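Chains as they are written, first to last, in the deposited numbering: chain B, 1 to 15, 33 to 326; chain A, 1 to 16, 32 to 326; chain A', 1 to 16, 32 to 326; chain B', 1 to 15, 33 to 326. A prime marks a further copy of an entry chain. Backbone N, C-alpha and C define an ideal beta-carbon position, used for all residues, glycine too.
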Amino acid sequence: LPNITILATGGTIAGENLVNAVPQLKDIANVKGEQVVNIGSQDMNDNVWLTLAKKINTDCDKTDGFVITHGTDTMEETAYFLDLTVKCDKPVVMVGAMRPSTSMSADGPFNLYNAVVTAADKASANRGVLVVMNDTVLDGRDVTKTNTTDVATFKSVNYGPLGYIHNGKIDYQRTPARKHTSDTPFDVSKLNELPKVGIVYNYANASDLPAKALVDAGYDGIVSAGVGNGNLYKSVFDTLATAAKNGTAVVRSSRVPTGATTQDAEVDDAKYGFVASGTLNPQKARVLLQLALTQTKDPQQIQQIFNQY
Amino acid sequence: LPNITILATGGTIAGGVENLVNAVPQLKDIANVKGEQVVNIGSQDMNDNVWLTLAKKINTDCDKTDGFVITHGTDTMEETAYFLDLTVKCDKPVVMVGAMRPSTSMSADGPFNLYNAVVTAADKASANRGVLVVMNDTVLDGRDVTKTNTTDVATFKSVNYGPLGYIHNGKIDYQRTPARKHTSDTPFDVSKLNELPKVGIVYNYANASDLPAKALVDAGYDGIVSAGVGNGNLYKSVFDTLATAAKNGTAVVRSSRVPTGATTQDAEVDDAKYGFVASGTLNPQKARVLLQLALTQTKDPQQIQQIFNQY
Amino acid sequence: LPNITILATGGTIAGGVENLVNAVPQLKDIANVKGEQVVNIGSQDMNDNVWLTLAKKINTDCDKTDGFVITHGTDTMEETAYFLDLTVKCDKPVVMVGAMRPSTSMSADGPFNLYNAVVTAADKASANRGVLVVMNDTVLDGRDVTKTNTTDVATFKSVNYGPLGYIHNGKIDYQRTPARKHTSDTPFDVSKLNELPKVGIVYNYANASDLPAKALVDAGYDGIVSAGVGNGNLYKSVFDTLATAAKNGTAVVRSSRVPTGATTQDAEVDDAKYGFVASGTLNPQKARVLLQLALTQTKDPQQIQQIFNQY
Amino acid sequence: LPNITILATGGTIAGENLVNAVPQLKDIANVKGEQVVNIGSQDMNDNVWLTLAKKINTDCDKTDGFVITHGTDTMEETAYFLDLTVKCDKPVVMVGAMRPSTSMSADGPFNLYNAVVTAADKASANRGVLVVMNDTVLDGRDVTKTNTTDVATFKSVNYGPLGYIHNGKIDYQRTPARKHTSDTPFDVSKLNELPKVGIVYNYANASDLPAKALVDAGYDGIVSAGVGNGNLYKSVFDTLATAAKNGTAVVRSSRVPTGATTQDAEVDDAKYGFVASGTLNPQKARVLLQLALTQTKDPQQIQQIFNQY
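In structure tokens:
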């Protein structure tokens, strides 16, 4: 049976003695566990992302597959960052739990089994970094937390899941078209920090003060959580238009939960030097802007990255 | 037929210039329609002054007509409808309507949208249901309704509690009504008010900077709404700034960036400890609306929290 | 604490044998729970006799307890809840609950589901809302609720009008109530009844055979529900058989195979011409329920149509 | 500009003078139209399906792409049948309209443009037969009518869309994994009828009489619209179990709108000689059972077809 390595970033999701908390694991894989860090995923950050990507890239030859236990609140961010930076061609399957392991009908035990199932399936390779939640296999790019409490909260709300899991078997009927893992230029192996990218929210009577404080602090890039198709309130627009011209990378995304922020529709991106996020929501667009800045600062080149990854 | 007043806030959503009665001629089958332009703005530039203008105007002219319809851009229609859901005291229907396609485009949605919005505003059964949004054959309550997709004509959905009724052939089969107190049944009164408490929104995400939150406390904002992660949780740096702010006067409301579901009281964050308010199903721009109006009522977090549980 | 009665119709949905009080021990924090097995069947074998048993039992024992909870298989829980939504005359809460995972499996959902179903049945605020289904932290009205996915623990959704409230930490934030008349407010009375009118369902699709519909008219069925296509439209052969049937006594209800949305009156099919009834948002198995009970009230299509517009 | 051939099966959806009903078509393609038949799609049937597949296969060399105007009520059935029987490698794009062409804010004009856009995109080839509705590109297998009146009713409810259409451009991020068009054995070129397959509905107190009438009439195959994961009411089960043994092909699908009817879960398919429909809903499962019967009658061989197509 396959060797699967579970990497923990926080508290347990089942019951390392995960094999005894969920004993059916041993029937389908030889499982070992390492505790890379122990934090709540709302405090997730750049430092954790780099050592995770380094650890998976380094240990790729020792194992057949990676399962990562992670909190749910930012799992969709870490999955996309790894989706872009992992160079290992074995499956990397992220999993968490919407109910705590010691509460009634806890979801983590079965989620973990299914995560392991997915990570040991030979059909799972070459589909990029995955998230396995509620009997479903979702790609790291599009998967997002959809509901604040529901066990079924994780959905790929724009293009759908890759496969459903029934009785330890996976019917895979899709694979992500955007370039992932190996197909990307991004290499973080020797980086110790990551370009500073903040996110500002748009609303009625919106303040430019948040955007201005990131401009003042010399942030390399800003992501706008626009309204509608990536639209900005006039104050925020002016502040970010100014900032664009003097070298800040500005990416128009949207607060709207589904749908692309499209190029040349509402906003002359070419005129102002902006970048349209596509279907990347603000926190997802941040992850790609961070990595884009490490290869080029040119707004047209970043846009092409946003259309390719 | 009933008398219905159209209040435009921007460009026209139906073509073929405030006089939409020629653009959708079958409006005269259902109502006697008159129109005024109150402002003319892209909704992405919506603001407190427009909000106060709409509410005072509806409250004053209530006796003059049987119902209103407000044409509004879609980017922020969800914030305006909830603002009005809480300030309008006219018992008559107030239906907001927009268009996800330009009025000059193929299969422009505005003409049928406005038609259905007049149906709704003239329907006898549309009363006491609060301020409404009518889009794509659907009647939506002003609280729960939100813009779900960046481009889709079906974007507007009441994602937590569902719609109030569907509209087929100019008739509505209502089957729900918002149980939260609205319009008349609130204490919020803007009739003598000229400005609104300053309330900003801050986003949470991995490696989130405290700078945006600091700047709004440094500017002396009266409230801050957090677009938290998960069940309204907060990144470390942002937690520290907002916990400070909460004790030194600022009213902090914990909402969530997640598009559906409640931010509940003391799920994990101890709200009573830090003096926080949980928003419930109110997303960050919805929560800003109610906090703004609550701040005109009180400054104490425990009674702002009662307001978020009632309205 | 309130007294709550569990009525089981099949296997146990929570383990660790009618006595579920040991399987979910925290039930004693919220209610005093007693249980009876009334039948023991896989829900795929649900039938009129079980339905009449449940309704008479609830109606007779109403005085004996403060609320019921019914454990039921998920395959047909949506038909039983709507049947009871129309026949139960007990004013007290009736909450149905099931499990999409076997009780012996990893992350079995039954134990927390039953817990939440007792919360709901004991909640004072759960009254007069009609017969309920509680699944996956959600309270759903008995009319609109349907099984949406073959396997998902979140399968049960009120797909046309949304849920009534969400359940967090044993409290419910109700925000809607079904406006359609239910329970006490109906005329349907099964207290003296021993059987139900025979009502079958027939499917529509391209190149559909008339044979299934013919066989139920040949068997003398009292009603036939059509799972039409689109807005309750009918394949040619099936149209002809059912139009014949409608005039020669048989009551035909046009519903739709499409999982959401109303089959409306005279969208395209001239219902008054052929003597048809349109089902509204009632899917084919929901429509069978109401037609069955309407046939015990009357046989005339125009007044069956009023019933489909009221209940 | 590409040559696109519009094939009409019923009434117009815009306004052959479709070029003058929607004049923006001429800017993006050279369009001609033929009226293959004129019926309401609720009366759609086997005869129409065969001549359509024959016509598309025959005329494949004359044009660059096919657009088919079709009623909405059965569009999801015809799209999957063609998805399995078209041998032409140019795009075949089905489109209809949820609002009539002469009513306010009619959807057919813009749907038709987008259908033409999709049919002329070189990126659309090799994705099987498509359905284009409400700015979305959906694969013929999974696409289904979701709502009785909504313009947005057509959704791929299990695996998601292939791409979204904005301003005449398509971001394709998925392609169907199941075998389609050329990759299938099915060839209808010389067939003049198709094996008889009926569908029976399951519910509480369900009658076996419908199933029995199709058994009596010697139907080659039955599709069960089960309850839950493909479950049958005891009468229907017995009738179909008997029928299975004496040569009828029985396929367990489900009335439930999303989710697979999976093998060996609720029902011993091997014991009774049944076939599990997977994610094919009853009307979709009928289309594959019809075509499966033309290559083999063996329940195990049909099951493998249901796992491959």
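Sub-8 Å separation of residue i and residue j beta-carbons
i         : j         : result
A':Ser224 : B':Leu231 : yes
A:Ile187  : A:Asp124  : no
B:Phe323  : B:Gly290  : no
B:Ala8    : B:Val53   : yes
A:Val134  : A:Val109  : no
B:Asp106  : B:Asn64   : no
B:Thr89   : A:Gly185  : no
A':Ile4   : A':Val48  : yes
A:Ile239  : A:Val217  : yes
B':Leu42  : B':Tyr130 : yes
B:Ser206  : B:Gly243  : no
B':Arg191 : B:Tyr326  : no
B:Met115  : B:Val148  : no
A':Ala282 : A':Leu310 : no
A:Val292  : A:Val268  : yes
B:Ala221  : A:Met61   : yes
A':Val273 : B':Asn164 : yes
B':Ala14  : B':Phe83  : no
A:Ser173  : A:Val160  : yes
A':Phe203 : A':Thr102 : yes
N- and C-terminal bounds of the beta strand (DSSP E) containing residue i
i         : result
A':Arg269 : 266–271
B:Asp188  : 186–189
A:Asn248  : Element bounds for A:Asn248: n/a, residue is neither H nor E.
B:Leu305  : Note, B:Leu305: premise wrong, no beta strand (DSSP E); alpha helix (DSSP H) at 299–310.
B':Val214 : 214–218
A:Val148  : 147–150
Which residues DSSP lists as bridging residue i, in chain order
i         : result
B':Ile45  : DSSP lists no partner for B':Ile45.
B':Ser173 : B':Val160
B:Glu51   : B:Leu7
B':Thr86  : B':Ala8, B':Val112
A:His183  : A:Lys186
B':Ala293 : B':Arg269
B':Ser122 : In DSSP, B':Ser122 forms no bridge with anything.
A':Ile239 : A':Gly215, A':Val267
Where the alpha helix (DSSP H) containing residue i begins and where it ends
i         : result
B':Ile319 : 316–325
B':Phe127 : 125–137
A':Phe98  : 92–102
B':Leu35  : 35–38
Beta carbon proximity, residue i to chain A, threshold 8 Å
i        : result
B':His87 : no
A':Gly16 : no
Within chain D, the residues that residue i reaches when beta carbons sit closer than 9 Å
i        : result
A:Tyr189 : Any reference to chain D falls outside this structure, whose protein chains are B, A, A' and B'.
Min CB distance residue i to chain A' below 8 Å
i         : result
B':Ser271 : yes
A:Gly177  : yes
B':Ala70  : no
Contact with chain B by residue i, beta-carbon distance below 8 Å
i         : result
B':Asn184 : yes
Cβ of residue i within 8 Å of any chain B' Cβ
i         : result
A:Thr166  : yes
A':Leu231 : yes
> Relative to chain A', which residues along the region 34–46 of chain B have a C-beta separation below 8 Å, given in chain order?
Replying inline: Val39, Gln41
> Can you list, in chain order, the residues of the region 252–278 of chain B whose Cβ is nearer than 8 Å to any Cβ on chain A'?
Replying inline: none
>> What are the residues in the region 299–312 of chain A lying within 7 Å of chain B by C-beta distance?
In response: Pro299, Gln300, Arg303
> According to a CB-to-CB cut-off of less than 9 Å, which residues of the region 145–164 of chain A neighbour chain B?
Replying inline: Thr161, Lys162, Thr163, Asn164
> Going along the chain, which residues of the region 43–68 of chain A sit with their C-beta nearer than 7 Å to a C-beta in chain B'?
Replying inline: none
>> Against chain A', which members of the region 127–144 of chain B pass a CB distance test of less than 8 Å?
In response: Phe127, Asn128, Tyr130
>> Against chain A, which members of the region 200–213 of chain A' pass a CB distance test of less than 7 Å?
In response: none
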